[PDB]
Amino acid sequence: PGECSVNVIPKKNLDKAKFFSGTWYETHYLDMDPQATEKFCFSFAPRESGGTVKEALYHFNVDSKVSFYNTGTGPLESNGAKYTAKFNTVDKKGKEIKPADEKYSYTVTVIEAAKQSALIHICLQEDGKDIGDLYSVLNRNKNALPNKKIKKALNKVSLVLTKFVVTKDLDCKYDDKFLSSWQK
C-alpha cells in the first residue's frame, strides 16, 4: 500500500556542515503514490548539532494556494546521511500552532549531494509503519537543473528524471524569510 521504497542508500561520507546549512529548494519530486497529483512546492532549512537534526520545513499547495510550516527534530544515524524526526506545526513566525503527535514520524535519507544539488528520499510513518514515500531533487537555486551525479544516483535504482514533477513551471510562492531566519 504505502510501502516505502527499498534500495534507498545513504550517501557515504556526506559533508554534514555543508548539507545541514542554508536553504534547500525542491526542484523535482516523485511521489511514489501515482494518485498523489496535487502540485506542491517545498523548501527547507536543515541543521545538525551533536547528532540531532533540527529542521524548518515549508510546503506550498499550488492547487489550493495554502502553505504550511513545520519543524522536525530527531537523531542522525551513525552513517551521517539519514535521520528520523518527529514534527510539529508552526506559523510563519515560528510559533507552535499544533503540537507533535508522537505516533507520526518521517525518515529522510540523503542519497547523493554534489555541488549545489542533492537527492533525498523521505519515508513517512505512523506507529513505525510505512504510510508513503517520495524522492526529491534539491538545489540551492530554485531554477537550477541537477548535477549529473544526482541522475546517476537515480539511474542506479531504475528511476529517470523525466518521471518527476518539475516545479519551475508551477506558480510557486515561497516564504524564504521563515527559512533564512531559522535558528537565528
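Numbering starts at 1 and runs along the sequence shown.
As listed in the deposited structure, the average C-alpha B-factor of 112-120 and of 125-133 is greater for 125-133. Taking the PDB entry as given, 138-146 carries the higher mean Cα B factor of the two stretches 138-146 and 51-59. Highest C-alpha temperature factor among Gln35, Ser43, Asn70, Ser158, as the PDB entry reports it: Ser158. Ranked against the other modelled residues of its chain, the C-alpha B-factor of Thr162 as given in the entry falls in the middle third.
Compared with the other modelled residues of the chain, the Cα B-factor recorded for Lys11 ranks in the lowest third. When the CA B factors of the chain's modelled residues are split into thirds, the value for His28 lands in the lowest one.
Per the PDB record, residue ranking by Cα B-factor puts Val90 in the middle third of the chain.
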